[PDB]
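Data block below; observations after.
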Ligand SMILES: [Ca+2]
Ligand SMILES: [Mn+2]
């Protein structure tokens, strides 16, 4: 029952729900079964960066993920987000673990949305940038097991005292202000997001992944969305 558009960094291959047989980046439109994927050579324990871009003229949601000293991965999907999402949304980060586990640490997150109207003074914009996260980060809405401030970072899923990731965990952080992504006088609407993340696991098979997502403003974690559902979807439809 929420509406979800997401870019997933999916670390575990669930081949019965359509994943390819390797870690991958994907574009999810109202379903965990990605509309488009690309292979991702995820590196356990290294800091990675993902970038997400869209605009209402081209109507193409694109993402790129990379690590220093490595080649990038990229995915794009043609989708008119004015037909999928409401006029006002919230934007956020989500991650989960299941039987298999990893840390889902966010070290920085930035976002910019712009609406240009046909007026003389055309520009409307929202921008935020976090390069550290406090214990009490009042402009984020934390859901589930998400916490901020441990080492100045945002830990989307549970990590024990000694730094070990926990299984069967799910958490999200959403920016506190609603974001206006369509307006009747806008001639161009666009957005960009970037986040840096550290996925580490003591295991040879980490799971489940991190996603950037855009949702209805009152979105909440679906019941039972640990593991393969990434904190985003109530089922694998
Ligand atoms: Ca998966
Ligand atoms: Mn997937």
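A quick note on method: Cβ atoms are made from the backbone with ideal geometry, for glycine too, and the neighbour counts reach across all protein chains shown. Here, each number is a calculation from the coordinates, and none is a lab measurement.
Brief remarks follow.
- A residue that is surrounded by fewer than 23 Cβ atoms within 10 Å (Cβ to Cβ) and over 18 Å from the mean Cα position of the chain (by Cα) cannot be found anywhere in region 24-40.
- Within region 213-237, the residues that satisfy the criterion of being in contact with a strand residue (DSSP E or B) (Cβ under 7 Å, 6 or more places away or on another chain) and away from ligand 2 (no atom under 16 Å from the Cβ) are 214, 215, 216, 217, 219, 220, 221.
- Of everything listed in (1) in a loop (DSSP other than H, G, I, E, B); (2) within 16 Å of ligand 1 (Cβ to nearest atom); (3) under 16 Å from the mean Cα position of the chain (by Cα), the single unmet condition for residue 217 is (2).
- Count of region 88-113 residues which are surrounded by fewer than 18 Cβ atoms within 10 Å (Cβ to Cβ) and either in a strand (DSSP E or B) or in contact with a helix residue (DSSP H, G or I) (Cβ under 6 Å, 6 or more places away or on another chain) (or both): 5
- Scanning region 228-235 finds one or more residues that are over 28 Å from residue 87 (Cα atoms), within 15 Å of the chain's Cα centre (by Cα) and either more than 16 Å from ligand 1 (Cβ to nearest atom) or outside any loop (DSSP other than H, G, I, E, B) (or both).
- Restricted to region 114-133, and to residues there that are assigned to a strand (DSSP E or B) and crowded, with 21+ Cβ neighbours inside 10 Å, the residue that is farthest from the chain's Cα centre (by Cα) is 115.
- Residue 57 being under 14 Å from the mean Cα position of the chain (by Cα) and in contact (Cβ under 8 Å) with a residue 24 or more places away in the chain: no
- Residue 85, sole failed condition from (1) closer than 23 Å to residue 219 by Cβ; (2) within 16 Å of ligand 1 (Cβ to nearest atom); (3) assigned to a loop (DSSP other than H, G, I, E, B): (2)
- In region 1-22, the residues that are surrounded by fewer than 21 Cβ atoms within 10 Å (Cβ to Cβ), more than 9 Å from ligand 2 (Cβ to nearest atom) and under 21 Å from residue 172 (Cβ atoms): 1, 2, 3
- Scanning region 199-231 for residues that are surrounded by 21 or more Cβ atoms within 10 Å (Cβ to Cβ) and under 23 Å from residue 66 (Cβ atoms) yields 199, 206, 207, 208, 209, 210, 211, 212, 213, 214, 230.
- Test for residue 49: is it assigned to a strand (DSSP E or B), out of contact with any helix residue (DSSP H, G or I) (no Cβ under 8 Å at 6 or more places or on another chain) and over 17 Å from residue 193 (Cβ atoms): no
- Residue match in region 62-79 (condition: in a loop (DSSP other than H, G, I, E, B), over 15 Å from the mean Cα position of the chain (by Cα), within 26 Å of residue 222 (Cβ to Cβ) and within 16 Å of ligand 2 (Cβ to nearest atom)): no
- Selection from region 23-39 of residues that are part of a strand (DSSP E or B) and either more than 9 Å from ligand 2 (Cβ to nearest atom) or under 23 Å from residue 174 (Cβ atoms) (or both): 25, 26, 27, 28, 29, 36, 38, 39
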